[PDB]
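*Asks:* These protein sequences, in sequence, are chains E, P, D and X. All you need for UniProt numbering is the position in the first sequence, starting with 1, plus 54. All you need for UniProt numbering is the position in the second sequence, starting with 1, plus 54. All you need for UniProt numbering is the position in the third sequence, starting with 1, plus 55. All you need for UniProt numbering is the position in the fourth sequence, starting with 1, plus 55. Idealized CB from N, CA, C, for every residue including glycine.
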Amino acid sequence: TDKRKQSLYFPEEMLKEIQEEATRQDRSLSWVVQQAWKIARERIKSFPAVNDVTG
Amino acid sequence: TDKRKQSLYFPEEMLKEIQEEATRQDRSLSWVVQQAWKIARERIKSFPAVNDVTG
Amino acid sequence: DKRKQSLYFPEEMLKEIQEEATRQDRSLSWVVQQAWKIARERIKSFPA
Amino acid sequence: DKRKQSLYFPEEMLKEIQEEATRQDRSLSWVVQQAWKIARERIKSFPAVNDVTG
Numbered sequence: 055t056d057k058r059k060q061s062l063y064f065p066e067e068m069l070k071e072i073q074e075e076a077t078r079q080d081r082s083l084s085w086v087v088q089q090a091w092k093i094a095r096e097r098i099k100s101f102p103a104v105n106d107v108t109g
Numbered sequence: 055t056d057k058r059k060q061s062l063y064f065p066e067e068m069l070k071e072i073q074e075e076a077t078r079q080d081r082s083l084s085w086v087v088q089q090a091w092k093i094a095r096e097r098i099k100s101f102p103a104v105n106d107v108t109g
Numbered sequence: 056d057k058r059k060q061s062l063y064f065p066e067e068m069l070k071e072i073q074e075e076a077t078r079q080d081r082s083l084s085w086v087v088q089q090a091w092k093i094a095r096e097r098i099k100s101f102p103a
Numbered sequence: 056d057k058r059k060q061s062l063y064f065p066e067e068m069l070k071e072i073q074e075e076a077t078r079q080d081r082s083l084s085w086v087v088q089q090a091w092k093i094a095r096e097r098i099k100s101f102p103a104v105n106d107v108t109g
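#1: Can you tell me where the alpha helix (DSSP H) with P:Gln-88 in it begins and where it stops?
#2: Does any residue of chain E have a CB that is nearer than 8 Å to the CB of P:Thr-108?
#3: Any residues in the stretch 73-90 of chain D with a beta carbon nearer than 8 Å to a beta carbon of chain A? Which ones, in chain order?
#4: In the structure shown, what three-state DSSP assignment does E:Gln-73 receive?
#5: If you pair each beta-carbon of the stretch 70-80 of chain D with each one of the stretch 81-95 of chain P, do three or more pairs fall below 8 Å?
#6: Roughly how many whole angstroms lie between the Cα atoms of D:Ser-61 and X:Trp-91?
#7: So which residues of chain D does X:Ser-61 contact, with C-beta pairs closer than 7 Å?
#8: Whole angstroms are fine: how far does the CA of P:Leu-69 sit from the CA of D:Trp-85?
#9: How big is the Cα-Cα spacing for E:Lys-59 and E:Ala-94?
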């Protein structure tokens, strides 16, 4: 859980939205993205492997 | 919506989980994080500004 | 069923593979897999 | 100058790569690099499948 730097790419519109959400809570970009992963984690892990027959 | 590169920081455990989710769908890291934002966007935007009296 | 293999690439080629992966919102492994499928026959043909 | 990268392969495809490497007294990395050189142009020419402008 020690921090690791990772470069990602975003559509400008999505990045802008993430930036405004960070600013609104006096928070870092990475923080808002981390909270989004905590909210989404379970839907994303539960979805089957789309290209694997067994999934 | 043209792509923009942004460096973020993650706890190693969360990054590892994002990486395994990307791999499982033969997908990029940025893609899995984008799908998480689409899922979380609405909870995060709806939450009041925690430090602003009016929020 | 998937198996992990470490390979070596010249930095320029790796960068090119990465930009192709990014352009299709795809993983590195995916781009390389599609390249094998495309090249398989030229590779099998060229001499021993 | 070279970089090590971990990749994932279906066992059948990896096995095929391995047999091709052996047949030419070549490394795995070499055969995969030659496959990129051959495929590069088809792959770059194919449009961005998710982008309207492509």
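*Replies:* On the basis of the coordinates in this document:
#1: 83-100 is the span of the alpha helix (DSSP H), which, as asked, contains P:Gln-88.
#2: no
#3: Protein chains E, P, D and X are contained in the structure displayed, whereas chain A is not.
#4: helix
#5: yes
#6: 16 Å
#7: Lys-59, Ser-61
#8: 20 Å
#9: 21 Å
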